[PDB]
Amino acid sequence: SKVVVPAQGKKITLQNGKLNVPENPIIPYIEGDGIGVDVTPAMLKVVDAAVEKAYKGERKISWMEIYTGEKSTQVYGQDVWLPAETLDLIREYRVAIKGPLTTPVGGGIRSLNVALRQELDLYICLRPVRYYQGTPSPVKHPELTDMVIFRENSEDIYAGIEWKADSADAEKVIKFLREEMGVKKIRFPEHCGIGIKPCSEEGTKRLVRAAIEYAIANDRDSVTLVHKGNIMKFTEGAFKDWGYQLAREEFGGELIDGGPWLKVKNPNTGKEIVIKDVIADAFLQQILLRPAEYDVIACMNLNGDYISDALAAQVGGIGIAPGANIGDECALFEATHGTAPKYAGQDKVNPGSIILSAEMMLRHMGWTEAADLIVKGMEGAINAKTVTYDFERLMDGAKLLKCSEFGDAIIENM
């Protein structure tokens, strides 16, 4: 009951990998909560404009509204934040997009962004961070960071196979380790809370598979495997050995005369590509000190989240940086940012996060000609300085302009 399908719209099908993405495709789209009400209105007017413009009224998107979040309480009711039909309409109309997400507190639902990333089984989180030539940069020489993250979504500590301290079920796990597994190294077992971090083989490999199938398909230059896999030496140490086993076996990598670093037989394009590991923390400070020595990064969920949220704001990118989640069973384009209500349904926020996720969407759909026309509207607005609140709260010279006027103005540069 509810979720209307758009008539003339044609559902996207599959074929032998060939997304058979129709002239009129139905693209489902969750609005979000909070600042969603603002940001997504723009994202519609705008994706309507680069298809009315590139394909000259030929290709035209047919948008289905669908839901996770606070908006399925006063659309459903009690504890029903995580519905049935949104989860399958992504998997049926194959490309969907979404804004931000209020999980509650109390009614126990667990982080609704990671929740959809694994109930659909979307392995890859795709977080490209780059710079627009003059914005809000903390850093002096900001222009160096041209990188893209592949962060594994199925596992790691963000998998939260976790139990609360002083609870029933940790009594049962902790004694297993002490009495049946011979473990010391828990220090204060009393009132202790325990969490599980997993890492497996085609799990770290279908993650490194697609990262390297992307360094080749997009003519990118390093694949850095980021891991703290020297203290968690199975999991993060393991990830880095199997990620290089994916590169060992299925991709034919050669040794750079001595050990650790490695090289690829790269097919459709021919250019040589480097495969490395940095430790996670040495890498946090790498991206600042010698950036541009770093390019396609592949890692688990935690470091994945933390390298993006660091790399993002280092490019002064915080208001605008994009996001995508990819399965074989379908896909989801997203805002990296949250619900922000203190500055909320009032139009203050940058809508640019999720407009770059529309761009990425269309990419994927092979509508390269459209998406690119979006990179071309963003380029111009930040250069002519006509910007929202978040860019002069760190910037010089804009005609005071807020949210569905930045939507308008992306199109001004198209």
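The first residue of the shown sequence is 1; numbering continues from there.
- Taking the mean C-alpha B-factor of each stretch as recorded, 352-360 and 29-37 are not equal, and the higher mean is that of 29-37.
- Of the two segments examined, 40-48 and 63-71, it is 63-71 that shows the higher average Cα temperature factor in the deposited entry.
- In this entry, the residue among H337, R127, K197, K185 with the greatest C-alpha B factor is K185.
- Out of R209, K164, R110, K263, it is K164 whose C-alpha atom has the highest B-factor in the PDB entry.
- When the modelled residues of the chain are ordered by C-alpha B-factor, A54 sits in the middle third.
- When the CA B factors of the chain's modelled residues are split into thirds, the value for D372 lands in the lowest one.
- Per the deposited record, the Cα B-factor of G380 falls in the highest third when ranked against the other modelled residues of its chain.
- For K342, the recorded CA temperature factor ranks within the highest third of the chain's modelled residues.
- Split the chain's modelled residues into thirds by C-alpha temperature factor. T204 is in the middle one.
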